[PDB]
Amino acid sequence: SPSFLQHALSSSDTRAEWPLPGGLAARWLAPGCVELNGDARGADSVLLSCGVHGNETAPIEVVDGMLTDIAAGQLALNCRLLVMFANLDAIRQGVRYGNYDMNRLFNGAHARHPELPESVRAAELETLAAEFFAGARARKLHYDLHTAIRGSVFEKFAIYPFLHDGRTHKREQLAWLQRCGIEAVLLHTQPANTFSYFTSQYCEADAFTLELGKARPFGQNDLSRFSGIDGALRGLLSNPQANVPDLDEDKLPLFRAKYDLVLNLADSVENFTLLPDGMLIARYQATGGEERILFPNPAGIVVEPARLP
């Protein structure tokens, strides 16, 4: 009962309302979606989505722990907060997805597969987010939390939907992320069927996809390895007006994709693996010695160092 996740995976109720300390309340807007302090007229609005892939449980446990503390009065909440346990069936079964990768059904893509239960879910989550952010009068933030089976040179990294030449870009966000422990950021301006692109472009939110580490079943996550994100998120909800100690860009490498559709790499090759100059299939060929392979699967993208402009 005191467990938000437990309730979200069973849907004991459906639209009930849980009383919260300080006069607040937790309202279930839909299965696995709970809004807290939504009535906060002019406070910052934070969307925390997790479990888009059911096997990535570390962020799920982290988010559940925060919710518990808010209900126990151990953690203060001064933001409008909407938490979404995304793929409920996948989370309950402990798998990436049932019939289709949900982080490929967003941005409206679900319309191409209107029969899949995960598409229906993705459409419902898009609307909820859209309505949540439409009521925002201050900052609009969205962190879609992931973990991954495939290792990475930069264990923790973010994917940043860079849009409109960064006219609404916040370097403080890059600072906040670097403080969270993010070791690298992937900038992309082109459209994508991800939840962070959707909220970024459709809801005009500062949205980021965060790859926080290794995928593990529930009970096998070392939450200590997520202290950075856990501390930062708690601090955001507690006091969103806290200043951010700038960003020493010297330790926050930025990358961008130069060309996709990229086989000649081991099955367990790590994300961000540098490709040596003159390598067949980095026919696509490596050049310079600064390009890196990302999200490989024989189908992958070749990235390069980027700079803000």
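So that there is no doubt, residue numbering starts at 1 and follows the sequence shown.
Chemist: Could you tell me how many residues of the deposited sequence sit unmodelled between residue 298 and residue 299 (none, 1 to 3, 4 to 9, 10 or more)?
Modeler: Per the record, 4 to 9 deposited residues are absent between residue 298 and residue 299.
Chemist: Is there a break between residue 262 and residue 263, and how many deposited residues does it span: none, 1 to 3, 4 to 9, or 10 or more?
Modeler: Gap between residue 262 and residue 263: 4 to 9 unmodelled residues.
Chemist: Mean C-alpha B-factor higher for 239-247, or for 61-69?
Modeler: That would be 239-247.
Chemist: For the higher mean C-alpha B factor in the entry, choose 48-56 or 24-32.
Modeler: Mean CA B-factor is higher for 24-32.
Chemist: Looking at 162, 106, 157, 176, which has the highest CA B-factor as recorded?
Modeler: Of the candidates given, the C-alpha B-factor peaks at 162.
Chemist: Take the CA temperature factors straight from the PDB entry and tell me which of 169, 92, 142, 234 peaks.
Modeler: Of 169, 92, 142, 234, 169 has the highest C-alpha B-factor.
Chemist: What third of the chain, by the recorded C-alpha B-factor, contains residue 190?
Modeler: For residue 190, whose C-alpha B-factor we compare with every modelled residue in the chain, the answer is the highest third.
Chemist: Hey, what third does residue 181 fall into on Cα B-factor, ranked over its chain?
Modeler: For residue 181, whose C-alpha B-factor we compare with every modelled residue in the chain, the answer is the middle third.
Chemist: Residue 37's Cα B-factor: lowest, middle or highest third of the chain?
Modeler: Lowest third, going by the recorded CA B-factors of the chain.
Chemist: Mind checking which third residue 201 falls in for C-alpha B-factor across the chain?
Modeler: It falls in the middle third of the chain.
Chemist: If you rank every modelled residue in this chain by C-alpha B factor, which third holds residue 111: lowest, middle or highest?
Modeler: It belongs to the highest third of the chain when residues are ordered by C-alpha B-factor.
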